[PDB]
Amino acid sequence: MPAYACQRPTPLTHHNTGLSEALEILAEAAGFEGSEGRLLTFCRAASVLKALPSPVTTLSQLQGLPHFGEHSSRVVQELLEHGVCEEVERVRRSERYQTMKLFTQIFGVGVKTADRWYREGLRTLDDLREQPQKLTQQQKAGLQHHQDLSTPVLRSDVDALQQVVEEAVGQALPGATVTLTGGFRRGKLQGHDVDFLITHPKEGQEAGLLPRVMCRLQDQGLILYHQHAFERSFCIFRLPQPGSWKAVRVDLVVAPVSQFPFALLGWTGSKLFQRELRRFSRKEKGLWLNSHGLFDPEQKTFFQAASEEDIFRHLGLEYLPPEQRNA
């Protein structure tokens, strides 16, 4: 078992679902307290279990697995012996956890805002609605649409949506393409939102594209909310339903074709996978990775990549298809 999640295949479904879910609760709670370090360890431990070829049945099977120390091992031990971990259950029922989860789920609210609201004594969505003067325009949209945004987006909804985005994109710039990224590209059948990556095969033609796309989507009556030169837009879209519609979060991002492999890799995730890949790159290879490129700070040069395969090769890693990046 290698130490970085980007060094091992992690499938979407696996053999340790209950154990991973418990560790991820502890990870999430650590994030609500501002401990990114402990959030990372619990996420990494969870991800290790996702990568195993069969169920963990005995405590001895954790010996020598990376990211399992005294704490994560005790969590697994208790689950194996009793079916339940007292620490996890205490977190699940804490007012702090439940409220921070509720608030951070709102589009436009992060941990810092949620925590301040918690310290002010606020606990429910109706508490936030009663004092609407304190909300940003983003948070008001987030609150208004919260019920719809809490319903999973189905993979079966995505194709019709991609088609409407493609029509707007084709008008904005003939020849521009739309690629489905995020969890759906990793094989998920649901998601909290839809992620699209837009480019054009002629380098430079994509400049100024996103505003043109957004204007056209807005003219079609499809945009319930968006922030408005730019290259990422975090929107709420109107998605057709039988006799009606629902609000759906959609991310649109533009990249030049030179950067497309880096953008595709970054936006395809998973979030832990990409953090681990970037850490691997810097710490093991001395190269700086982001969604735009891969930089050698000794030579002061960018790696040219024509594919995700190129990027894995330049980092000395075995290629993983998107379906095995579910860290």
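Basically, rigid core = biggest C-alpha set you can superpose within 1.5 Å across the two forms. Residue numbers run from 1 along the displayed sequence.
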Task: RMS Cα shift after core superposition in 8 other deposited structures of this protein, winner of 58-66 and 263-271 - done: 58-66
Task: More shifted region, core-based fit in 8 other deposited structures of this protein, 219-227 vs 177-185 by CA - done: 219-227
Open item on the list: Missing residues between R92 and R93 in the deposited sequence, please: none, 1 to 3, 4 to 9, or 10 or more.
Closed with: none
- [ ] Using the B-factors recorded in the PDB entry, average over the C-alpha atoms of 24-32 and of 64-72, then report which stretch comes out higher.
- [x] 64-72
- [ ] Look over 300-308 and 13-21 in the entry and identify the one with the greater average Cα temperature factor.
- [x] 300-308
Open item on the list: Can you tell me which of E86, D148, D251, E206 has the maximum CA B-factor listed in the PDB entry?
Closed with: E86
Open item on the list: Quiz for you: based on the deposited Cα B-factor, which of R185, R232, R212, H228 is highest?
Closed with: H228
- [ ] Please place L161 in the lowest, middle or highest third of its chain by C-alpha B factor as given in the entry.
- [x] highest
Open item on the list: How does the C-alpha B factor of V56 compare with the rest of the chain: lowest, middle or highest third?
Closed with: middle
TODO: Within this chain's modelled residues, let me know which third the CA B factor of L173 belongs to: lowest, middle or highest.
DONE: lowest
Task: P242 by Cα B-factor - lowest, middle or highest third of the modelled chain - done: highest
Open item on the list: Sorting by Cα B-factor within the chain, modelled residues only, which third would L135 end up in: lowest, middle or highest?
Closed with: highest
